Amino acid sequence: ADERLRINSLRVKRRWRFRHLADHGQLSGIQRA
Amino acid sequence: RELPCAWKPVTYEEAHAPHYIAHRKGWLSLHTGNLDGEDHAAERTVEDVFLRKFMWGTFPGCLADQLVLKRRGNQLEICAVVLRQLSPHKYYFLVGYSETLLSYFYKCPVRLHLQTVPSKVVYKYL
Amino acid sequence: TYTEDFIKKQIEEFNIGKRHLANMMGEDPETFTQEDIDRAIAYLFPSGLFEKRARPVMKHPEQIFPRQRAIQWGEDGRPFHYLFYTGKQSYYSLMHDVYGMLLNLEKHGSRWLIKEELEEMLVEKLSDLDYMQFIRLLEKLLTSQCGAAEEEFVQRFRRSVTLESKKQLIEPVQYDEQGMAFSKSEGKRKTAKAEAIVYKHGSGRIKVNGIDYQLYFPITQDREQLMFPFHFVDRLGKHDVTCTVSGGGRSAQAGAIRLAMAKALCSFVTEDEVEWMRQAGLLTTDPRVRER
Amino acid sequence: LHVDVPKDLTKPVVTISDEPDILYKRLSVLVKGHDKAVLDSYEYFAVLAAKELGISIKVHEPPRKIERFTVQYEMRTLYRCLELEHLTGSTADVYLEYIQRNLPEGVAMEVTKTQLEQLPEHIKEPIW
Amino acid sequence: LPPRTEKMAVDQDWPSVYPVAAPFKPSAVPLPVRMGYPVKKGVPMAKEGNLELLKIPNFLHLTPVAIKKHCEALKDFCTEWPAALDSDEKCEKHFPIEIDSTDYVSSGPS
RNA sequence: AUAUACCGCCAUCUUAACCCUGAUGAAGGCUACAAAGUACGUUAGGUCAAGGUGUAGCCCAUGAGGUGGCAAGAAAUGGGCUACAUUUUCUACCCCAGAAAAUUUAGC
Ligand SMILES: [Mg+2]
């Protein structure tokens, strides 16, 4: 990563990674609007 | 049967539909991840998934209802509701076993809070 | 079904819990009340559920369980009420009382009680036609020269609805250091907010943010709006106005100033004139605002 | 315990050091939760503790926030701000330890501390 | 076995029952509290087996008596504001510089 | 290539008893100024652009190159983007100045 970084220098919702858990109240804070 | 001839106990969590989650039901897990500005919501979700599967496979036919997973600081409290069918010695064995596995698997002081009930607390019938 | 022994055990459990809650909260158990119970349960078991009923609650058991099952006869089996065998002892007893009072009177704003709440008071289900019968008897009692006892009897079955229009709060007449009488008032139109001081005597000078009104309002429409209140009650050139307006735009500020001046001028006019201004739309805050 | 009571108790060792104490002009405690009743209970607890420790406290409620996303899901974040004023470093440490150990689950905290400091000696006069 | 709330006196020391934050125990909390949306011609459920009362972050460990008893023992750790600095007028005078720094308390392993 | 693999994200559709009457027949029971009536699955679905877990393909070619070409025409209609001015345009000002020149979409 750093090697490529240096040489270059020289040159769905993922916040939870859902409907199942959210509908069964298993995700804190999530609710239907 | 016949074609026009066509034309189960449930607890509170089972009875009430998902659109009651902040009106009648609550949230099973309680943590700060989903609040505004806080991070690691996904990691907490994955931890919750593993806890629920582990507990349902480690207390088979004992859990009367769904778990309640609380988090304060780095503490991790599993409040479970179980039946009075298994012997208390086996319950103590499993409590110790699960506490130690989860503490060494999540690198935090996990603790467990069994509440036994004589039988499923049925809310209504659907 | 709840047996009376069950309810008795619930009552004693509730009293013991009441004293326990008074212990936990540090209050005196002797004076510990139901409102205190509600506040303490809210504190100790916080819950944000929108359904008010869904929160944890500690009620007296009679509040919780349906206790309408009152026995209507004793151990010997004799019913207590002489109209028991009608099946509607409460309703027919009430009708009998009303008929007796009507007989006595013959020898000599608010709304009627609704059917369901009448059932609640009587603790008996009743149809629509018998409710109509009762209401017509109550009307007959009202029409007659009903006395104080009959008046309060009717009021037992007459619910209260408050009507309070016609009455514009007339601002007090203050006096400035120079001994001149004036009245202050506020007005709002869209986002414009105005506050006007009308003087009892004057020469018709309006001063808006310290600027003459014709210089502050170049457009003639706004000057007409400022003119409307004083013109309507025929006192153009008899008062001085000092107003401060902020926010909004040209016409919104003019409307706010008009409302403020009318509400302040209500102090120096007769009550009939106040009512006339109210009917001309001069004392109403305009609620029309931009919709999202 | 009616009769069996601990005869004496080992009070923890609190040493009065020689170094001077930090001074905080203000200390704003913003607590965030998904439930308003939990925040009200926490506000009552924190305010009573502040009075019992002699700290001067004021409470206000910042406007809530609502994150909606998509079936439409929603997340409400409610706030309570507890502004303490004129407390030293040790009072702040003990009060904060108390109210952070008693922070309910699902509630997060942001404590902003405004320390009072004197000018460095290096900036008092210009270098010649 | 029977719940131990039956053995609890009406003038007990409540803080000794709930010293620290603990989940709701219907066998330990001597209150006839009920939670739940009642069914038609029903009542809110009882506490025994109630998951909703179990999901509340309760404050039984922080009652007014307990809070005062804690804050009477925590006074030992506190120091005193210098009385010379009565208001902001002197705080901006004797200590011109102000340093704002923030800490964050979340829940998790890190 | 496959979500015509799952997961995810959107969307479609479906979700009894008692009491009287008729001579104790099939049978019937209302009148208020009251005369028997009371009690989740579904989808050859879309999405591989703010996301994953797999499975298959070609491997003298579904890989790597080289030489030329390819750069269309015409209508009728459907849609979109620009400018369309005298109640206008430019300057000073923020409104008393001077110069220039057919269907459709909403209604409330
Ligand atoms: Mg498809």
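Note on naming: letters A, B, ... go to the chains in the order of the sequence lines (proteins, then strands), and numbering restarts at 1 for each one. Hydrogens, waters and symmetry mates are skipped; everything else that's a heavy atom, side chains included, is used.
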Length of the line joining [X]:[atom1] and [N]:[atom2], which is rounded to integer Å:
X         : N       : atom1 : atom2 : answer
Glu124(C) : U38(F)  : CD    : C1'   : 16 Å
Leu126(C) : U38(F)  : CG    : P     : 14 Å
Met95(C)  : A32(F)  : CE    : P     : 15 Å
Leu137(C) : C33(F)  : CG    : P     : 11 Å
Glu291(C) : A106(F) : CD    : P     : 19 Å
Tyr216(C) : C94(F)  : OH    : P     : 13 Å
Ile30(A)  : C9(F)   : CD1   : P     : 12 Å
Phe69(D)  : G8(F)   : CZ    : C1'   : 13 Å

Using the [atom1] atom on both, measure [N] against [M] and round to a whole Å.
N      : M       : atom1 : answer
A16(F) : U38(F)  : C1'   : 14 Å
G78(F) : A106(F) : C1'   : 22 Å
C13(F) : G54(F)  : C1'   : 31 Å
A11(F) : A61(F)  : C1'   : 42 Å
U89(F) : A83(F)  : P     : 14 Å
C81(F) : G57(F)  : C1'   : 44 Å
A44(F) : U2(F)   : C1'   : 13 Å
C48(F) : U104(F) : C1'   : 39 Å

Presence of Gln133(C) side-chain N/O under 4.0 Å of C33(F) phosphate oxygens OP1/OP2: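 Result: yes.
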
Under-4.0 Å side-chain N/O to phosphate OP1/OP2 contact, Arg136(C) with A32(F):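 Checking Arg136(C) against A32(F): no side-chain N or O falls below 4.0 Å of OP1 or OP2.
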
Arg250(C) or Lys88(C), whichever maps to the more 5' nucleotide of RNA chain F: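 So the residue in question is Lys88(C).
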
Upstream residue (5' side of RNA chain F) when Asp130(C) and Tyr73(D) are each assigned their closest nucleotide: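 By nearest-heavy-atom nucleotide position, the 5'-most residue is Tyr73(D).
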
Nearest to the side chain of [X], heavy atoms from C-beta on, is which of [options]?
X         : options                : value
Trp7(B)   : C95(F), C10(F), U14(F) : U14(F)
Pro218(C) : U15(F), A32(F), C96(F) : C96(F)
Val12(A)  : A32(F), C95(F), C9(F)  : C9(F)

Counting Watson-Crick and G-U wobble pairs only, both distances under 3.5 Å, name the nucleotide matched with [N], or none.
N      : value
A97(F) : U91(F)
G8(F)  : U47(F)
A1(F)  : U55(F)
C81(F) : none

Check the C1'-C2'-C3'-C4' sign on [N] and let me know if the sugar comes out north or south.
N      : result
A36(F) : south
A85(F) : north
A23(F) : south
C20(F) : north
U91(F) : north

Results of salt bridge (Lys or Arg N to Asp or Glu O under 4.0 Å) for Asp48(B) - residues two or more places apart only: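 By the salt bridge (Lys or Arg N to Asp or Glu O under 4.0 Å) rule, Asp48(B) matches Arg71(B).
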
Both distances under 3.5 Å and Watson-Crick or G-U wobble geometry: does that hold for [N] with [M]?
N      : M       : result
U86(F) : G66(F)  : no
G28(F) : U105(F) : no
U15(F) : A64(F)  : no

Do the charged groups of [X] and [Y] touch, with an N to O distance under 4.0 Å?
X         : Y         : value
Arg205(C) : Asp240(C) : no
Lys55(E)  : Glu52(E)  : yes
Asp65(B)  : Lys120(B) : no

Syn/anti label of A50(F) as read from its glycosidic torsion, with the cut at 90° from 0: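 What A50(F) shows is a syn base, its glycosidic angle lying within 90° of 0.
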
N-glycosidic conformation, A39(F) - syn within 90 degrees of 0, else anti: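 Syn, since the glycosidic angle lies within 90° of 0.
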
Would [N] and [M] be classed as stacked, given the thresholds of under 5.5 Å between six-membered ring centres and under 30° between planes?
N      : M      : value
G25(F) : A26(F) : yes
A75(F) : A76(F) : yes
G29(F) : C30(F) : no

Minimum-distance pair of heavy atoms, taken over all atoms of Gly48(C) and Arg55(C):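 Smallest heavy-atom distance, with atoms named: C-NH2, 3.8 Å.
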
Cation-pi geometry met for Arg158(C) and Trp112(C) (6.0 Å, 45°):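 So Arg158(C) does make the cation-pi contact.
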
Face-on cation placement of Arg24(B) at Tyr37(E) ring, 6.0 Å and 45° thresholds: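 Yes, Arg24(B) and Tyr37(E) form such a contact.
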
Over 12 foreign heavy atoms within 6.0 Å of CD, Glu151(C):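 Result for CD/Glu151(C): enclosed.
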
Close approaches to RNA chain F from residues 13-24 of chain A, in residue order (heavy atom, under 4.0 Å):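 Within this stretch, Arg14(A), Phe18(A), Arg19(A), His24(A) sit under 4.0 Å of the strand.
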
Plane angle bin for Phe50(B) and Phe54(B) - parallel if under 30°, tilted between 30 and 60°, otherwise perpendicular: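 Judged by the thresholds at 30° and 60°, the geometry between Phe54(B) and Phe50(B) is parallel.
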
Pair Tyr199(C) + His239(C): ring centers closer than 6.0 Å: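 Between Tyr199(C) and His239(C), the centre distance exceeds or equals 6.0 Å.
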
Sugar-phosphate only, base, or nothing, as touched by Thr70(D) at under 4.0 Å among non-hydrogen atoms: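 Sugar-phosphate: the residue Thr70(D), judged by heavy atoms under 4.0 Å, touches backbone atoms but no base.
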
Min side-chain heavy-atom separation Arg258(C)-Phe228(C) under 4.5 Å: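 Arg258(C) reaches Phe228(C) side chain to side chain.
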
